[PDB]
Amino acid sequence: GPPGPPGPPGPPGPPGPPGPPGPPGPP
Amino acid sequence: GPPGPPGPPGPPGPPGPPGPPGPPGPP
Amino acid sequence: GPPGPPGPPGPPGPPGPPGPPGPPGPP
């Protein structure tokens with residue numbers, strides 16, 4: 001028989017890296 | 001014969017984008 | 001006839017969520 005259908009897409013990827021630091025504070 | 005079983009799930013996805021920048025700093 | 005071979009793996013999963021917010025900024 002022919003090959004079966006391709007499987008489902010995989011699991012979601014890992015969360016992204018934490019963001020950059022914020023701006024400096026008030027003078 | 002009949003087509004074969006479904007294939008394996010795909011690989012997990014790539015990591016997500018970085019997070020947003022943080023809050024401004026303290027005064 | 002015999003069933004066919006299992007199907008190929010699926011596509012990669014979706015990219016993950018954006019990451020956590022970044023650290024607060026410098027004082």
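So you know, we letter chains A, B, ... as the sequences are listed, proteins then strands, and number each from 1. Only heavy atoms go into these numbers, but all of them, side chains included; no hydrogens, no water, no symmetry mates.
Looking at A:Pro8, the atoms closer than 4.5 Å to chain B (heavy atoms on both sides) sit in the backbone and in the side chain alike. Within the 4.5 angstrom heavy-atom criterion, atoms from both the backbone and the side chain of B:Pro27 approach chain A. In this structure, chain B has a heavy atom under 4.5 Å from the backbone of A:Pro12, while its side chain stays farther away.
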Give each N or O donor-acceptor pair spanning chain B and chain A at a distance under 3.5 Å, with atom names and distance to 0.1 Å, or state none.
| unit_1 | atom_1 | unit_2 | atom_2 | d |
| --- | --- | --- | --- | --- |
| B:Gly4 | N | A:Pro2 | O | 3.0 |
| B:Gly7 | N | A:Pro5 | O | 2.9 |
| B:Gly10 | N | A:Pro8 | O | 2.9 |
| B:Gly13 | N | A:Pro11 | O | 2.9 |
| B:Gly16 | N | A:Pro14 | O | 3.0 |
| B:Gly19 | N | A:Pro17 | O | 2.9 |
| B:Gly22 | N | A:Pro20 | O | 3.0 |
| B:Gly25 | N | A:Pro23 | O | 2.8 |

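Shown here for B:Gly25 and A:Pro26, the closest heavy-atom pair between the two residues is O-CD, 3.7 Å.
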